[PDB]
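Observations on chain architecture
As a plain string of letters, each chain reads:
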Amino acid sequence: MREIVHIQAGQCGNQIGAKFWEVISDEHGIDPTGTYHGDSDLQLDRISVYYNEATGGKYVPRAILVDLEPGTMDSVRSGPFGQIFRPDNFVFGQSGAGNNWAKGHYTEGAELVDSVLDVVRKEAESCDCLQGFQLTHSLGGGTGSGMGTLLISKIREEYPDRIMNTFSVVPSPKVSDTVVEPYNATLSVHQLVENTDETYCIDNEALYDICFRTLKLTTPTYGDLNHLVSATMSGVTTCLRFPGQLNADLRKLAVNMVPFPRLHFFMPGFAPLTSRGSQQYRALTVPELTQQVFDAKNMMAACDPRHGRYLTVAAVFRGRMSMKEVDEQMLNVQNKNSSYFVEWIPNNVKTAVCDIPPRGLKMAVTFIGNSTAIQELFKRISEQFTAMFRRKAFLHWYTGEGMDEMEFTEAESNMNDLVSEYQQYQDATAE
Amino acid sequence: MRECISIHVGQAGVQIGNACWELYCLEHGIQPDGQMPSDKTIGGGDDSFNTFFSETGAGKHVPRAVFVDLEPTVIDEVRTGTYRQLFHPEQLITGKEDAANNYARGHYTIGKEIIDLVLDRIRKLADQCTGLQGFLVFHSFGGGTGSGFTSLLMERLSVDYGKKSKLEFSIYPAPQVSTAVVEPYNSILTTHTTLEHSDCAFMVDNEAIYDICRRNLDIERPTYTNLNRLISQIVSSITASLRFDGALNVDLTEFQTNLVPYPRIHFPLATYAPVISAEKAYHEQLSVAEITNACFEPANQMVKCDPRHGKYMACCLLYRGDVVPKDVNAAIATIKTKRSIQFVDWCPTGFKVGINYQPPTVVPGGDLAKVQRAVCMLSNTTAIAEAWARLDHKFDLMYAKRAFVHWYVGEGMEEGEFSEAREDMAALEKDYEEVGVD
Amino acid sequence: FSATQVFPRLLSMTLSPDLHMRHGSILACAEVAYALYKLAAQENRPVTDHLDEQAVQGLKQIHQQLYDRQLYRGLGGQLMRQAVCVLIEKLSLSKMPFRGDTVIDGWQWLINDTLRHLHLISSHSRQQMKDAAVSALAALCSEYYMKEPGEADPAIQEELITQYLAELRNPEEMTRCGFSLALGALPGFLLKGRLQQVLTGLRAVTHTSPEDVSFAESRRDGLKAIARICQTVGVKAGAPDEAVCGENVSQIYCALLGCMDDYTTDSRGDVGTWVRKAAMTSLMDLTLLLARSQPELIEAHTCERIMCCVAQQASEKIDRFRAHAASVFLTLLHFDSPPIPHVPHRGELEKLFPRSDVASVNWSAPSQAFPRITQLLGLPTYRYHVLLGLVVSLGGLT
Ligand SMILES: Nc1nc2c(ncn2[C@@H]2O[C@H](COP(=O)(O)OP(=O)(O)OP(=O)(O)O)[C@@H](O)[C@H]2O)c(=O)[nH]1
Ligand SMILES: Nc1nc2c(ncn2[C@@H]2O[C@H](COP(=O)(O)OP(=O)(O)OP(=O)(O)O)[C@@H](O)[C@H]2O)c(=O)[nH]1
Ligand SMILES: [Mg+2]
Ligand SMILES: [Mg+2]
């Protein structure tokens with residue numbers, strides 16, 4: 001029985017975590033009251049991985065929500081599923097970090113970081129054997145950007161033998177017009193490289209473009225992006241909550257998908273693409289899903305998987321497809337002589353097959369690969385980070401709190417070295 | 001007499017020990033609950049099965065085994081198995097975290113909070129034995145736990161139980177039946193850490209046994225269960241020298257003098273014949289000569305190699321069942337007239353032959369039939385070095401890009417251990433060829 | 001107070017079994033010693049005025065205590081070695097009375113063992129140990145290892161260089177990576193007469209062979225040591241064995257121009273880029289050195305080839321390397337004190353790359369680099385190499 005502690009910080013982080021928990025609860029068959037009412041025995045053989053069995057046969061979540069601002073806290077407390085989260089697992093202040101990374105990591109977010117450690121430690125004491133912590137936040141802001149880094153740096157010192165996985169949400173100028181976002185993203189990535197084993201990047205520009213073109217929505221709001229983020233999160237954590245032949249734990253998955261220490265950013269995806277409201281319209285097959293998992297349109301990041309090498313590939317199928325039918329399809333797409341052969345679907349790919357399908361869909365698929373194209377996500381922020389650094393714009397706010405140009409240049413050098421290593425590995429011999 | 005304790009480690013190790021104990025109980029007639037109606041004593045000291053089993057005042061037979069695992073998934077099924085009343089609960093030790101295919105874990109991360117208890121349990125069994133010979137380790141190089149924890153226990157025992165023999169029965173990993181992509185690193189690390197902690201060690205190629213089960217036994221997809229039943233036969237044929245009142249390799253120390261001439265070289269090849277299926281039980285009757293000649297077949301060998309292109313240092317033949325020296329002389333003469341094999345002039349040991357008046361045994365409704373005779377040939381040849389060559393290829397290629405290396409250094413390991421382990425492997429490979437110089 | 005009350009407490013703290021206590025005590029002993037030396041240097045007074053001989057004996061026994069207990073093992077071995085390196089560097093930079101004692105031999109043996117076993121150290125702290133050991137050796141070889149002004153002890157010169165040249169042919173790539181810089185960081189008075197041998201030994205490593213295919217880190221250090229030796233010896237006519245002159249400048253430039261064409265593609269990727277990095281700076285600091293002494297030695301063909309190669313290297317799909325290439329190109333073009341001879345199309349290059357477009361333009365960003373680099377195609381010389389370099393970016397993977 002391997003348990004996982006889920007933590008949420010920042011407005012966007014909490015909004016994503018609430019939706020993800022609601023999705024994985026509706027898929028497992030858990031009414032919003034707390035009891036169980038599903039119709040499948042497979043929805044309980046691994047429920048202990050994210051739910052504590054309290055008295056009375058109830059399943060208490062393990063989501064530790066923290067937020068300096070008392071906004072999203074009250075909304076999640078009175079949500080469709082707000083009554084599930086323990087009430088002393090909510091840790092908040094009054095004034096946030098004011099879009100400054102040096103506020104939610106040094107002067108403000110380090111004022112509740114001690115209450116966070118007490119809560120995450122009180123939650124882990126009941127577990128029989130902890131596997132690894134988890135965090136869901138956005139690189140944009142101060143309580144998501146600085147608080148997450150502070151907690152990741154503080155927990156690694158007391159639990160070095162635990163896996164550290166995050167779900168960073170890179171912002172984009174299209175979604176937010178804030179100008180102090182490049183610095184918060186750079187400083188967050190600087191800490192998310194030396195104290196993180198895995199990081200699932202969910203760029204906001206990709207979801208914005210998807211909602212603008214694919215879904216054809218009028219004004220894509222935050223709900224449309226949160227729905228896709230929660231869908232991708234539920235599709236990624238399919239092996240850690242359901243049985244199957246590929247019993248890849250968290251540590252095993254991180255070791256098999258992350259050969260290098262610094263390189264650990266993935267490009268998660270999910271298909272088919274849907275929206276809120278209606279969903280039932282067309283039933284997809286295994287060939288169509290495989291053809292669409294590997295399309296740059298189904299990806300949640302502004303990167304072209306085809307343009308770049310393939311470090312490690314993995315896919316998770318959900319529905320009445322059999323690992324034998326999947327192997328037949330995964331052994332004819334890595335062959336040129338084979339018809340309908342693809343050049344971007346690589347070899348030695350990891351593949352899974354689930355029984356319980358997602359909500360509102362009979363068949364789906366999730367992609368969790370790591371391509372060098374992700375470098376584009378790091379360069380877009382580099383340029384915006386240099387043009388504003390030469391003029392020293394909005395730097396007094398950082399220098400007054402305690403930060404200095406030393407950390408800025410260190411983060412810049414780290415990002416440059418990472419981009420250089422990515423570009424160097426992109427040109428490697430296949431055999 | 002002298003007793004012995006078998007220390008099983010890993011998933012493969014615990015899966016192989018259960019089948020071995022089942023075969024021993026079926027041979028000696030021990031009931032599942034542990035009752036020998038043929039034994040005419042309550043305690044051990046005059047019989048012959050006391051070397052492996054232990055007697056008590058209540059007539060209960062507690063096998064001398066120390067099963068230790070990290071993942072309780074297999075131990076839970078082993079406890080509630082058919083022989084739940086055979087093994088003692090204290091002998092079965094379970095952990096709380098799996099190494100997840102890692103050596104720096106099974107050694108430093110998950111091997112530190114379990115070693116302090118394994119010794120206390122092994123001492124309880126060591127104090128009861130009046131004269132222990134050594135230890136019978138059962139693990140695999142592929143499994144991270146079975147390698148790291150086993151090496152840690154081995155060296156931990158080298159300090160305390162220093163004047164005791166040491167044996168091993170590893171399982172060489174194969175590319176087909178591969179559970180981890182770091183299999184080459186764990187194997188080259190455990191072979192270097194315990195190259196001095198093993199007096200003798202037995203290697204089982206997963207490819208050879210799979211091919212044997214697919215061809216000889218005629219099976220479509222030989223599962224781990226079928227591969228463990230086939231290895232149980234060889235394990236029993238090897239342990240019969242110490243279990244029964246024989247006259248060849250009766251003590252663990254004799255193995256280091258009649259099979260392991262060089263302390264460093266301790267990887268003797270083993271073969272067992274015949275391999276008849278259950279359907280073709282009374283189809284053909286192969287005499288001693290046929291089974292003795294079949295031992296020189298690469299397909300029937302337990303490891304994929306080519307002994308023809310290599311010299312021989314030590315050779316030991318063991319016959320079981322209806323066998324007479326007059327018939328063994330025919331096979332001995334055929335080995336020289338028909339076949340021909342060279343020998344190392346600098347080796348002290350030579351050829352040895354022994355017979356035991358104990359017929360074989362098979363599990364009811366199993367894969368193998370109740371043959372009338374059996375032969376086991378243990379030959380220490382340099383050809384086995386080839387099996388170590390390919391293993392070094394994969395490891396070398398992987399460490400060329402240092403992939404999955406950061407996961408080990410960040411778990412109580414140094415970057416120099418890999419260089420030391422491959423410097424040791426290179427020296428061993430060089431010595432293997434130097435021993436076979438014309 | 002720091003010399004009579006604090007230094008004795010830091011001299012005894014080194015015997016602490018605690019690992020974090022020994023490193024701190026060593027660092028404090030080094031820093032306070034350097035501060036006392038700097039203070040005494042003001043009144044041109046010796047360093048023994050503040051520190052007594054009892055405290056002096058501690059600086060000699062600190063090495064013996066570490067060598068006896070064998071503390072250079074495990075995880076703390078690298079930390080102890082790094083601390084002792086800084087200690088020896090600060091002691092040699094203060095002109096201590098340790099010359100002609102077994103302490104110097106012990107320090108040299110420790111430095112050799114540290115530069116001998118480098119693969120055993122983790123990659124997260126290898127560059128620090130590589131740059132500290134060479135500095136400590138240079139400070140020791142530029143302080144204690146001397147017989148008279150302008151000369152050195154021949155007994156040490158006949159053995160150190162020999163052992164290093166016998167260590168530059170070590171199969172282990174990390175051995176050469178550490179020995180090349182150590183041999184190159186030697187002073188100028190310790191290179192008199194043995195400069196040709198050192199140059200030949202360093203060039204033998206820069207040459208590629210069937211066995212040394214993926215040896216990029218070694219070739220990088222080989223060029224770095226050559227550049228360091230060239231910058232240290234300076235220039236001096238009529239002395240090929242003492243400094244660089246017109247008799248061996250061609251052979252040196254040939255070795256620098258040959259490593260630029262290295263485009264190895266190992267399993268890790270395009271590692272050859274590294275070998276090019278040190279091959280660019282080595283071609284910069286050198287070209288300036290002659291410009292500050294004997295600019296007439298720089299030939300026209302060699303200068304044109306270097307310029308075309310830098311232009312090709314400043315138009316590569318890579319961003320971190322292209323930025324450094326453009327920076328080196330701008331530093332070589334704007335250098336006018338004195339102006340460097342053999343500059344192809346010098347007026348056009350100055351007009352296309354003004355001084356104001358050096359710090360304001362971000363070469364790392366393709367958008368702020370390609371529009372200014374594509375204009376070079378107008379010139380005849382900057383057409384073939386520039387186009388060859390841009391073809392890689394116009395049809396790569398990014
Ligand atoms: N996808 C998505 N992005 C969001 C959401 N909320 C905010 N963001 C983005 O995240 C950034 C703002 O960070 P927030 O999470 O609002 O801030 P915070 O972490 O609470 O920090 P403070 O502003 O200091 O209080 C901007 O780039 C927003 O576009 C959300 O619900 N979904
Ligand atoms: N012959 C045989 N090989 C086995 C058996 N179980 C596993 N293996 C092989 O051993 C290797 C994996 O070792 P395991 O025993 O699963 O590993 P472990 O000791 O449990 O340690 P972990 O790495 O933590 O799982 C692979 O090469 C498997 O194919 C078994 O019962 N018999
Ligand atoms: Mg907020
Ligand atoms: Mg296991």
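Calculation notes
Residues numbered from 1 in each chain as written, not as in the entry; some residues may be left out. Chains lettered and ligands numbered in written order. Part of a larger assembly, values for the part shown. Heavy atoms only, no water. Axes fitted to C-alpha atoms, helices over the stretch in contact; angles between N-to-C directions. Helix = DSSP H or I, 4+ residues; strand = E, 2+ residues; numbered from the N terminus. Parallel < 35°, antiparallel > 145°, perpendicular 65-115°, else oblique. Contact = heavy atoms within 4.5 Å. Nonpolar A, V, L, I, M, F, W, Y, C, P; charged D, E, K, R; others polar. Pairing = 2+ DSSP bridges. Near = heavy atom within 4 Å. Polar contact = N/O pair within 3.5 Å; in protein donor to acceptor, adjacent residues only side chain to side chain. Areas by Shrake-Rupley, 256 points an atom, 1.4 Å probe, with all protein chains shown as cover. Buried area = accessible area lost by both parts, 1.4 Å probe. Salt bridge = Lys/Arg side-chain N within 4 Å of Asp/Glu carboxyl O. Buried < 20%, exposed > 50% of the residue type's maximum accessible area, 1.4 Å probe, protein only. Domains from an automatic or database assignment. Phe/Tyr/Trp six-rings, centres within 6.5 Å; stacked < 30°, edge-to-face > 60°. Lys NZ or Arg CZ within 6 Å of the ring centre and 35° of its normal.

All names here are of chain C. Between helix α8 (residues 173–184) and helix α10 (residues 216–233), the least distance of the axes is 8 Å, while the angle of their chain directions is 5°. By the angle between their directions, the pair α8 and α10 is classed as roughly parallel. On α10, the residues that touch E173, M174, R176, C177, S180, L181, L183 and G184 of α8 are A216, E217, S218, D221, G222, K224, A225, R228 and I229. Residues that form the contact of α8 with α10 fall into these classes: 7 nonpolar, 4 polar and 6 charged.

The subject of this paragraph is the sheet that holds strand β6 (residues 269–273) of chain B. Residue and element names in this part refer to chain B. Strand order across the open sheet formed by 4 strands is β6-β9-β7-β8, with mixed pairing between neighbours. Either end of the sheet is taken by a strand with one partner, and the two such strands are β6 and β8 (351–356). Pairwise comparison of adjacent strand axes, ignoring direction, gives a mean angle of 15° for this sheet. When strand β7 (residues 312–321) meets β8, the two strands line up parallel, connected through 6 bridges. The partner of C315 across the bridge, within β8, is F351.

Residues and elements named next belong to chain A. Taken together, 21 residues form the shell around ligand 1, and within it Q15, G140, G144, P171 and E181 come nearest. Residue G140 places a main-chain N or O atom 2.8 Å away from an oxygen atom belonging to ligand 1. In this structure, an oxygen atom belonging to ligand 1 sits 3.2 Å away from a main-chain N or O atom of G142. Alone, ligand 1 offers 640 Å² of accessible surface; in the complex the protein occludes 91% of this. Elements that contribute at least two residues to the shell around ligand 1 include exactly α1 (11–28) and α8 (222–236).

Before going further, it helps to examine the interface of chain C and chain A. At the interface, 23 residues of chain C touch 18 residues of chain A. For the pair chain C and chain A, the two sides together bury roughly 1700 Å², of which 41% comes from carbon and sulfur. If you sort the residues of chain C by the area they bury against chain A, C:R320, C:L397 and C:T398 come out on top, with a joint share of 30%. Seen at the junction of chain C and chain A, the total is 9 residue pairs in polar contact. Of all elements in the fold, only α12 (272–291) and α14 (320–334) of chain C reach the threshold of two or more residues within the side of chain C that touches chain A.

Here the focus is the site of ligand 2. All names here are of chain B. Not every one of the 22 residues close to ligand 2 is listed here, only the nearest: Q15, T145, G146, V177 and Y224. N101 is positioned with one of its backbone polar atoms (N or O) 3.1 Å from an oxygen atom of ligand 2. Here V177 contributes a backbone N or O atom positioned 2.8 Å from an oxygen atom of ligand 2. In the complex, 95% of the free accessible area of ligand 2, which totals 640 Å², lies under the protein chains. Elements that contribute at least two residues to the shell around ligand 2 include exactly α1 (10–28), α5 (144–160) and α8 (224–243). Residue contributions to the shell around ligand 2 peak at 4 residues, all from α1. When grouped by side-chain class, the residues that make up the shell around ligand 2 number 7 nonpolar, 13 polar and 2 charged.

Chain A puts 16 residues into the contact, and the matching count from chain B is 14 residues. Between chain A and chain B lies a buried interface of about 1500 Å² when both sides are counted; carbon and sulfur atoms form 56% of it. When the buried surface of chain A facing chain B is broken down by residue, A:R251, A:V255 and A:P259 rank first, second and third, together holding 36% of it. Across the pair A:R2 and B:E97 runs a salt bridge whose closest N-O atoms are separated by 3.1 Å. Between the two partners, chain A and chain B, sit 6 residue pairs in polar contact. In terms of residue count, helix α9 (residues 250–257) of chain A provides more of the side of chain A that touches chain B than any other element does, 5 residues in total. Looking at the side of chain A that touches chain B, its residues break down into 8 nonpolar, 1 polar and 7 charged.

Under the counting rule described, the total for this entry stands at 56 salt bridges over all chains. Among the ionic pairs, A:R318 bridges to A:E27, the shortest N-O distance being 2.9 Å. Of this pair, A:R318 sits in strand β11 (residues 314–318) while A:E27 sits in helix α1, and the two are 291 residues apart along the sequence. A:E27 sits in the buried class, given a relative accessible area of 8%. Its salt-bridge partner being B:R373, residue B:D322 comes within 3.3 Å of it at the nearest N-O pair. With B:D322 in the loop between β7 and α11 (325–337) and B:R373 in strand β9 (residues 373–381), the pair connects residues that are 51 residues apart, well separated along the chain. Residue B:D322 is classed as partly exposed on the basis of its relative accessible area of 45%. One salt-bridge network, held together by shared partners, links A:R2, A:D161, A:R162, A:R251, B:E97, B:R105 and B:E411.

Take the environment of A:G141 next. Residues and elements named next belong to chain A. Residue position: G141 is located in the loop between β6 (130–136) and α5 (145–158). Given a relative accessible area of 15%, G141 falls into the buried group. Between the alpha carbons of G141 and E181 there is a distance of 6.8 Å; along the sequence they are 40 residues apart. Leaving out residues up to four positions away in the same chain, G141 has contacts with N99 and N184.

As a further point, take the domain arrangement of chain B. All names here are of chain B. Splitting chain B by domain gives domain 1 (1–268), domain 2 (269–383) and domain 3 (384–438). Each of domain 1 and domain 3 has a C-alpha centre, and the two are 26 Å apart. Taken together, the contact between domain 1 and domain 3 spans 26 residues of the former and 30 residues of the latter. Of the roughly 2600 Å² buried between domain 1 and domain 3, counting both surfaces, carbon and sulfur atoms make up 69%. For the pair domain 1 and domain 3, the number of links is 3 salt bridges. A salt bridge links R264 to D424; the shortest N-O distance between them is 3.2 Å. When contributions to the side of domain 1 that touches domain 3 are tallied by element, the ones reaching two or more residues are α3 (103–109) and α6 (183–193). Element by element, the count of residues in the side of domain 1 that touches domain 3 is highest for α6, at 9 residues. Of the residues that constitute the side of domain 1 that touches domain 3, the class distribution is 16 nonpolar, 8 polar and 2 charged.

All names here are of chain B. Read from one edge of the open sheet, 3 strands run β4-β1-β5, paired in parallel fashion. With one partner strand each, in any of the chains shown, β4 (65–68) and β5 (132–138) form the two edges of the open sheet. Each adjacent strand pair in this sheet contributes to an overall mean axis angle of 15°, direction not counted. As paired elements, strand β1 (residues 3–9) and β4 share 4 bridges and run parallel to each other. If you follow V9 over to β4, its bridge partner there is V68. Packing of helix α4 (residues 115–128) onto the sheet brings it into contact with β1 and β4, and relative to β4 it is tilted by some 170°.

Further remarks concern the packing of aromatic side chains. Summed over all chains, the structure comprises 46 aromatic pairs over all chains. Relative to A:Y50, the ring of A:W21 lies with its centre 6.2 Å away and its plane at 85°, an arrangement referred to as edge-to-face. Of this pair, A:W21 sits in helix α1 while A:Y50 sits in the loop between α1 and β2 (52–53); the two residues are 29 residues apart in sequence, bridging distant segments of the chain. The same class applies to A:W21 as to A:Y50, namely buried. Joined through ring pairs, the aromatic side chains of A:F20, A:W21, A:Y50, A:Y51, A:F85 and A:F90 make up one cluster. Positioned over the ring face of C:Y34 is C:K90, at 4.2 Å from the centre of the ring. Directly above the aromatic system of C:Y263 lies the positively charged group of C:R276, at a separation of 4.0 Å from the ring centroid.

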